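Below you'll find the structure, written out as structure tokens, and then a few comments.
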Amino acid sequence: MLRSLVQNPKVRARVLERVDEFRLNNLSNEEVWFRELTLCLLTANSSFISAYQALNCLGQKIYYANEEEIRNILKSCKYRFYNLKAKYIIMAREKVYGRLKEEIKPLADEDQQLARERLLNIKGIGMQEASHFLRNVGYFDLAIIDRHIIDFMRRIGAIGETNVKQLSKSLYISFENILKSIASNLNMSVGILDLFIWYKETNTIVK
């Protein structure tokens with residue numbers, strides 16, 4: 001039921017491309033790292049298409065435009081969370097632009113779990129966004145989880161039914177390990193299994 005998806009040549013081909021993209025990102029400059037961070041801020045409570053369209057609309061302005069200008073571009077791009085996201089992008093820029101890779105790469109190279117923890121200091125960045133970001137810059141041993149993902153696990157019989165009253169750090173790590181087991185059997189990392197999961201759900205290869 002899942003094993004088939006992972007063997008699909010069409011899907012595998014596209015996924016390898018993303019994997020290459022992520023590895024290249026790890027070797028890319030500060031601008032690329034901040035761009036990925038910005039994508040993750042925009043994906044919060046949004047689909048990939050909305051977030052990517054927003055990113056594309058903003059283009060190079062994420063590096064220098066002021067809050068008002070970024071808000072106006074997101075608004076014109078039809079991105080619904082333009083008000084708060086504009087603020088988060090500016091605050092992230094002020095806080096980490098220019099030293100994001102500098103501080104995170106060496107930490108992530110040694111401990112992905114700790115690097116994720118460091119990123120939580122960024123406003124708008126929670127466990128899901130932090131895992132997403134690190135995955136996008138080459139670190140594949142961190143699952144990207146949210147209630148939707150949990151429901152997917154239920155649907156494939158990975159877990160049973162449960163009411164996630166509060167998705168805690170531990171609970172998040174809980175589901176992560178389960179996904180890792182799955183990913184492992186499928187001969188891959190959990191950060192990469194995420195792509196196959198979204199493909200089954202959306203028929204597209206996101207990031």
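Excluded from the calculations below are hydrogen atoms, water molecules and symmetry mates; all remaining heavy atoms, backbone and side chain alike, are included. Sequence positions, counted from 1, serve as the residue numbers for this chain.
Cluster partners of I144: none. The rule joins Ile, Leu, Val, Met, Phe, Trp and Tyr whenever side-chain heavy atoms lie under 4.5 Å apart, and it links nothing here.
Under the 3.5 Å distance criterion, the side-chain polar atoms of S168 are matched with a main-chain donor or acceptor of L171. The main-chain N or O of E201 is never found under 3.5 Å from a side-chain atom of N203 such that the two would form a donor-acceptor pair. Formation of a donor-acceptor pair under 3.5 Å by the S76 side chain with backbone atoms of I73 is found in this model. Side chain of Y172 to main chain of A143: a donor-acceptor pair is present (N/O by atom type, distance under 3.5 Å, no hydrogens or angles).
Applying the salt bridge (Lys or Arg N to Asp or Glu O under 4.0 Å) test to residues at least two apart or on different chains, the pairs with a partner in residues 116-129 are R116-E176, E117-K169.
Contact of the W198 side chain with the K207 side chain is not registered, since no non-hydrogen atoms from C-beta on lie closer than 4.5 Å. Counting heavy atoms from C-beta on, the side chains of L58 and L55 never come closer than 4.5 Å. A 4.5 Å side-chain heavy-atom check between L134 and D141 finds every atom pair outside the cut-off.
In this structure, the separation between CD on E31 and CD on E36 is 13.0 Å, given to the nearest 0.5 Å.
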For this session: List the steps and the verdict of side-chain contact (heavy atoms from CB on, under 4.5 Å) for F175 and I150.
Result: CA-CA 8 Å; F175 287 114; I150 292 163; 3.7 Å; yes
For this session: Test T204 against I49 for side-chain contact (heavy atoms from CB on, under 4.5 Å), laying out the working first.
Result: CA-CA 10 Å; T204 68; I49 289 185; 5.7 Å; no
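Side-chain contact check for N26 and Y139: at least one donor-acceptor pair (N or O, by modelled atom type) lies under 3.5 Å.
In this pair, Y63 and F34 present their aromatic rings tilted. The plane angle is within the 30 to 60° band. Classified by interplanar angle (parallel below 30°, tilted 30° to 60°, perpendicular above 60°), the ring pair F48/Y52 is tilted.
If you run side-chain contact (heavy atoms from CB on, under 4.5 Å) between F196 and each of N8, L2, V11, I205, only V11 comes through.
By the 6.0 Å contact criterion, NZ on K180 is enclosed, its count of non-hydrogen atoms from other residues, nucleotides or ligands being greater than 12.
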